[PDB]
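Only one chain is included here, represented as structure tokens and corresponding to the form deposited in one PDB entry.
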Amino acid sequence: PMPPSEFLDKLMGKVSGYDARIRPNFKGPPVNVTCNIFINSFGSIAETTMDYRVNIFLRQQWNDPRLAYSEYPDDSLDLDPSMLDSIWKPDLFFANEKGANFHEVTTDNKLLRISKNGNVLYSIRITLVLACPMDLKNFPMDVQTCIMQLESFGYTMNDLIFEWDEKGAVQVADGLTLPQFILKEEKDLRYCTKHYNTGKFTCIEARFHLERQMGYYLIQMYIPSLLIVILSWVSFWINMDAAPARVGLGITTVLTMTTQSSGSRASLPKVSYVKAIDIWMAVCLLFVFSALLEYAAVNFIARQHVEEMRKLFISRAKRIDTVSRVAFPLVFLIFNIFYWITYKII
């Protein structure tokens, strides 16, 4: 017999009329390319740019009847990646690329094998920086849906149709963890067929659901925003005579709370709508600012203090501290129930 690279030069050379610019089944039914991906790495999900970097193995399988040998005795013929300019390949691209590249270290990372009946496996390694629009209406408790979609570019729907295969169309690597998110195991697979004025082009896509990990935000920006509210409660257990204390406590807490509010959106996109970390800060702004306005009611009623009625005006000024010691730590707990039930329903 003869070696396969000399045998594949007979299948692809000047003889046999194989022309690599012409799709299989020409002037016939369209080419049914079936696809599946294998996610090696995932992550660096930025939100300022609203993008995420994935690192996939893109496998494509089609049928090319001109490559159907019957004399060489094997069942699969590998190609050198140097000879990948010699067969037809589908012009797949990603409709939200935002920059992508191959991997060409120590060899082009490309695989190509040809079965006997003409089935062609073609596996390459791609690094993508895909774009997904973030929806941050409920921000530490959101379930993002970042997608990726695989169109054709030169061939219309009556020449080339993409399909996901039925045998596990999206595999994920074995120990693929993410720092901030978790990747849910149910991955949607649906069509996204595009219509332009050039024609109608095929498109398949895969949705990935990325549920967050709330445990980070629960440590940096919910509990230190809950202690400073309790500092504003301890002004109530000091008498109406340490005026440099209860004012100075109602100033340093309400102005370290503004730093918490501005520091809550340090690395976020400047979205117009109000998000679920903003109706925690702008309500805990309100509790630490109502503790300062409580003392400004005490020291104003007390300075208004005729003997008999003003002894009750001092007693009116102590009756308001027998209420705000109980009202504020049991209205803030009513809000703390209406908040966490709202975002564990929506």
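All residue numbers are counted from 1 along the displayed sequence. Throughout, rigid core stands for the largest set of C-alpha atoms superposing within 1.5 Å between the two forms.
Coordinates for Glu307 are absent from at least a third of the other compared entries of this protein that model residues on both sides of it. Missing deposited residues between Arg316 and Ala317: none, as the chain runs unbroken there.
The same protein also has a form deposited in another entry, omitted here; what follows describes it.
Just a single entry of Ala242, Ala173, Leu183, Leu189 exceeds or equals a 2 Å CA shift between this form and the one not shown, which is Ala242 (rigid core superposed). Superposition of the core reveals a Cα shift of less than 2 Å for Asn25 between this form and the one not shown.
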